[PDB]
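The chain below stands alone and is given as structure tokens, in the form deposited in one PDB entry.
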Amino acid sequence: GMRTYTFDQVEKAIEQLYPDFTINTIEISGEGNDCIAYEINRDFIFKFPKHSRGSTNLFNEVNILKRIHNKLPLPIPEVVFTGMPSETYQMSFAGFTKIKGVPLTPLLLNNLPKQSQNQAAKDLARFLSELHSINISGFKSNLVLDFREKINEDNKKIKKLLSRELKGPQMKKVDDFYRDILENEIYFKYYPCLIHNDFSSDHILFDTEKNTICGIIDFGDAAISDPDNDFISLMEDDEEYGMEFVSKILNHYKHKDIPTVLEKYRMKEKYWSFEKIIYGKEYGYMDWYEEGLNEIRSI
């Protein structure tokens, strides 16, 4: 079950741990699948978890940000307030400094003058180059997300989930899809590093007076995994920036195997149907689950 909050309960939660912090203004600033976010005093964003899974992502975000706060070339959220663990949440809330700016939507990017588009690609490449070069020696080993392990896990999850839903031959071809990707070593041979892992246009903030990127946000999915993940998340022509712009990022990053990035993107496009089934059933999102179930049913 998901949780809702009133403004009064948000204030009461903060006041229990921060009695000297006066709240003058509060409004909802956004809502995602994991947290509801509140703009408080017009200078802070407080995230409150909608469920236990979302609180684990929030706890991860807080811990990662504290490890990397002064290591990057763009502003990232700074943790200023933290809640506490309970039997229900790893972290009851967290409060971050607000970064002023708007998302660098594909529409906003493509209306920019070319010189500013090029600066945006360069700034993103430097951000990712520095992120992926952060020394990960100290980091907790459970942050490592091995992609081959993940694909094997999902295959077992899908069999468990769909054993009574799919007809025998349908499940056989699900098993075939998994077998084929697991035999292709290009997806699983990478050098692990710290990655953002949700590196998309909605998480890139832009200063429209300077026409420059002024922040990267929402680090709750960060992990030690394949650096190519942070390029393929920007490659979709519909919802993101497309291949031409991402190729500019790849050049400034000095990527040496662009064909492999493309092959990984192609497979992730196909793999989304299975992710929608998994996280559809997990979150209570039957919309997604039925959508993924119909997609794998036909193609």
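Between two forms, the rigid core is defined as the largest C-alpha subset superposing within 1.5 Å. Numbers follow the displayed sequence, beginning with 1.
Beyond what is shown, the protein has a form deposited in another entry; the following relates to that form.
- The comparison between this form and the one not shown, aligned on the rigid core, picks out a single residue among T82, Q170, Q117, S133 whose CA moves by 2 Å or more, and that residue is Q170.
- Between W288 and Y241, the C-alpha separation shrinks by 3 Å or more in the other form, relative to the conformation displayed.
- Relative to the shown form, the Cα atoms of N60 and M286 move apart by 3 Å or more in the other form.
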